[PDB]
Each structure stands twice: as structure tokens, then as C-alpha cells.
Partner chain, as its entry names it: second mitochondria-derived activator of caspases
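Here we start with a single chain on its own, the form solved without the partner chain, put down as C-alpha cells.
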């Protein structure tokens, strides 16, 4: 299913931070859940799979080193929530970084 790039969220029931934070429960995984919720992610109950309330973007198999906002921007750069909370400059920083990380090896 394609990512949502409209200014309207795909899952408006998860639009409030408090709604999202309730989805995790006891969270054993490597990335802090409050951080995941602030980046707009709620939990699916399927290991450490999160989905963005706005773009619907899904992310799984999180490493301890990884940042929710960075991961959000890498995989779901079209997201209007991300663009609202972080601004296009941040997004360009993140993408230049990830594209330069890729090239410093491949």
C-alpha cells in the first residue's frame, strides 16, 4: 500500500501522542517508545513493528543505534507530519547523510 503524502492523516485515531503511547504496553525492544510515539509511531503488536499515524509508513527490526525521526525520514520522506514537525532542511540533512553513508562503502 502506497505511502500517504496528503496533509490529512491516514489513521486519525492515533493522532494524539497519548493514543499512540498506549499501543506499546511493556516494550522490550531497542528503541525507546516515547521517542517512537513523538515521531508519530504507534505499535502493531507484531514484534517491534511500528506504523506512522499520518503516512501509514511501517518500520520493523529496529537496532539500538537507530533514531525514529531519522528512520521516518529515510523510508517515508513524503510524510506531511514529518515535514510539519521537522522542516524540509532537517529532511535534506538526513537524506544527504544516508545517501553519503551508502556511497562511503558502495
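Rigid core here is just the name for the largest C-alpha set that superposes within 1.5 Å across the two forms. Residue numbers count along the first chain shown, from 1.
Exercise. Between 23-31 and 66-74, which one strays more from this form in 6 other deposited structures of this protein if you match the rigid core and compare Cα atoms?
Worked result: When 23-31 and 66-74 are compared in 6 other deposited structures of this protein, 23-31 lies farther out.
Exercise. Which stretch is less alike in 6 other deposited structures of this protein, 12-20 or 88-96, counting RMS CA distance after the rigid core is superposed?
Worked result: Greater root mean square C-alpha distance in 6 other deposited structures of this protein: 88-96.
Exercise. Which has the highest CA B-factor per the PDB entry: 63, 51, 72, 80?
Worked result: Checking the PDB record, the top C-alpha B-factor among 63, 51, 72, 80 is at 63.
Exercise. Which third of the chain does residue 39 land in by C-alpha B-factor: lowest, middle or highest?
Worked result: As the PDB entry reports it, the C-alpha B-factor of residue 39 lands in the lowest third of its chain.
For this session: Ordered by C-alpha B-factor within the chain, which third holds residue 6? Give me lowest, middle or highest, please.
Result: Middle third - that is where residue 6 ends up once the chain's C-alpha B-factors are sorted.
Problem set entry | Among modelled residues of the same chain, the CA temperature factor third for residue 47 | Highest third - that is where residue 47 ends up once the chain's C-alpha B-factors are sorted.
For this session: Just say lowest, middle or highest third for the CA B-factor of residue 31 relative to the other modelled residues in its chain.
Result: For residue 31, whose C-alpha B-factor we compare with every modelled residue in the chain, the answer is the highest third.
Problem set entry | Where the record places residue 96 (Cα B-factor, split into thirds across the chain) | Answer is lowest: the recorded C-alpha B-factor places it there.
Not pictured, yet referred to below: the form deposited with the partner chain bound.
For this session: Assess the spot marked by 14, 19 and 42: is the partner chain within 4.5 Å of a heavy atom from every one of these residues in the bound PDB entry?
Result: Yes, the whole trio is in contact, each within 4.5 Å by some heavy atom.
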